[PDB]
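> give the three-dimensional model of this entry:
(chains A and B)
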Amino acid sequence: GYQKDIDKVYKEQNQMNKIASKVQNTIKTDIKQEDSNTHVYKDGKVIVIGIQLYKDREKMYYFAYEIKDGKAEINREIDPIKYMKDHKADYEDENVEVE
Amino acid sequence: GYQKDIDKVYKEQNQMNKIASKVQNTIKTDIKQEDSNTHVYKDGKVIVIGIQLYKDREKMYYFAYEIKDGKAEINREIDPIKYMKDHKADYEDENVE
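Residues are numbered from 1 along each chain as shown, chains lettered A, B, ... in the order given. Sure, structure below:
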């Protein structure tokens, strides 16, 4: 299953957000999968998350990660919106519906 | 002098901005002292920098650092604007009015 790797993604996201919050303190640092959107592609090679990046905004912000050599690495060269449009997910955990 | 410690502060700010820019890509990276304002206080114990934090804003954003055990450590509990008002700087390098 994909949960071990999803956990890596959320750990990495929180680690980066914690550092980011030192220089831009509106960044949320307690990102939780059950309050986010998660999709897995290419049998675990790409994971796209949508999260509440800012403590004072409801908006979802999306990020694409690659799982390479057992580690979650963000890849801002991947357009996550386009990626979700263009590929069939192997897994979805959609907790935020935005009309 | 204070240049060794000012350099440690800019190095640290740049390391944080690099990571920050991965999640919020308007954060500017590779900030240079010559494009920023720097003030040193307390014989080098506290260093306050004013930088162009955002690629999409001209505005200067300020951050206070402490030098402890030879390391530069950001301290967000210090209000840097007030700190500069209330202390006499030992050194200044002001490049933005």
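> which ones are touching the closest residue to chain B within chain A?
Residue of chain A nearest chain B, by Cβ to the nearest Cβ: residue A:20 (3.8 Å). Placement of C-beta: from N, CA and C, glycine included. By Cβ atoms under 8 Å, 6 or more residues apart in numbering or on different chains, the residues touching residue A:20 are A:27, B:16, B:19-20, B:23-24, B:27.
> sticking with it, tell me its helix or strand.
Here residue A:20, judged by DSSP states H and E, is contained in helix A:3-23.
> angle of that helix against helix B:3-23?
Counting by axes from the mean of the first three to the mean of the last three Cα atoms, to 10 degrees, helix A:3-23 lies at 130 degrees to helix B:3-23.
> give me the distance from the helix or strand containing residue A:82 to the chain's centre.
Using DSSP H and E, residue A:82 maps to helix A:80-86. Remark: helix A:80-86 is offset 13 Å from the chain centroid, using Cα atoms, centre = their mean, to the nearest Å.
> for stretch A:58-65, same thing?
6 Å.
> who's in contact with it?
A:9, A:12-13, A:36-37, A:46-54, A:72-76, A:78-81, A:83-84, A:96, A:98, B:23.
> counting neighbours, which of these end up buried?
Burial by neighbour count, 16 or more other Cβ atoms under 10 Å in any protein chain shown: within those this picks out A:9, A:12-13, A:36-37, A:46-53, A:72, A:74, A:80, A:83-84, B:23.
> which residues touch the nearest residue to residue A:67 once chain neighbours are set aside?
Leaving aside its chain neighbours, residue A:67 sits nearest to residue A:5 (5.1 Å; criterion: Cβ to Cβ, 6 or more residues apart in numbering or on different chains). For residue A:5, the contact set (Cβ under 8 Å, 6+ apart) comprises A:40, A:44, A:47, A:67, A:72.
> contacts only, for the second one.
The reference is to residue A:44. A:2, A:5, A:67, A:90.
> so who does residue A:49 touch?
Contacts of residue A:49 (Cβ under 8 Å, 6+ apart): A:9-10, A:13, A:36-39, A:62-63, A:65.
> element containing the residue nearest the centre of chain A, please.
Centroid-nearest residue in chain A: residue A:49, 2.5 Å away (criterion: Cα atoms, centre = their mean). Residue A:49 belongs to strand A:46-51 when assigned by DSSP H and E.
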